[PDB]
């Protein structure tokens, strides 16, 4: 429950109201965000997550108010406000307060910032199940998909609602071509014949920072990782399925519709490799 938010030059505790009833971002959707993690005393790829927040802001027509180093430095300061050995979820946020002459389009100079830190214990994942969804990923021509932006997630939400209705935690999501992109909440991986396969980045989903780190570590450990075009059929044949993302880094997928799947060895190795590097 413990929470600290940096807003208007001050660290503030608890619930901090940051968006106004007449803020452009509030009803016209310009807010972007990212996510880093403090756990077991370390903050892996905090620098990369800090940098992407600025990228996402610019991708949404905002003008980021802090350098990547500023955000990282501020994050580390905020973490100090927590009790020792407290795991924290770090969410930087940019948004426009005003619109330009068109009202709908953001006035870049009106960009504001907030950094929200929430105490969330880092727990070993028990894994989750997946099913298909009737909805698909958008693409750049119809949504700003090249950004970690709030406006993209109601799509993810309805997919999750659908999955939940069907008795599953999450959904395996395809792009408009019918090729697997990711889950409704995170990048997806599969293991087949001792090899790791993951959807090739094509811009319809975020090429996750955790994803890249895991690929890098797996290949360094001698594991073959293929970034290629994957279909639903490929995941039907998987020996293992897992996901990567900021909150828990590496999470097993223990069910795909009627096929139950074990928490696999290669997934466990991936997670082990991440933790080694994080504490190196």
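Numbering follows the first chain given and starts at 1.
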Checklist outcome for this item: Quick note on 79-87 and 110-118: per-entry mean CA temperature factor is higher in 79-87
Checklist entry - Taking only the CA atoms, which stretch has the higher mean B-factor in the record, 251-259 or 211-219? => result 251-259
Item to check | Out of 188, 165, 184, 149, highest CA B-factor residue | outcome: 165
Item to check | Candidate residues 123, 96, 93, 157, the one whose C-alpha B factor the record puts highest | outcome: 123
Checklist outcome for this item: Assert third(CA B-factor, residue 127) within chain per record equals highest
Checklist entry - Thinking about Cα B factors across the chain, which third does residue 266 belong to? => result highest
Item to check | CA B-factor ranking of residue 227, expressed as a third of its chain | outcome: middle
Next on the checklist: Per the entry's values, where does residue 238 land by CA temperature factor relative to the rest of its chain, in the lowest, middle or highest third?
Outcome noted: highest
Checklist entry - Comparing residue 105 with the other modelled residues of its chain, is its CA B-factor in the lowest, middle or highest third? => result middle
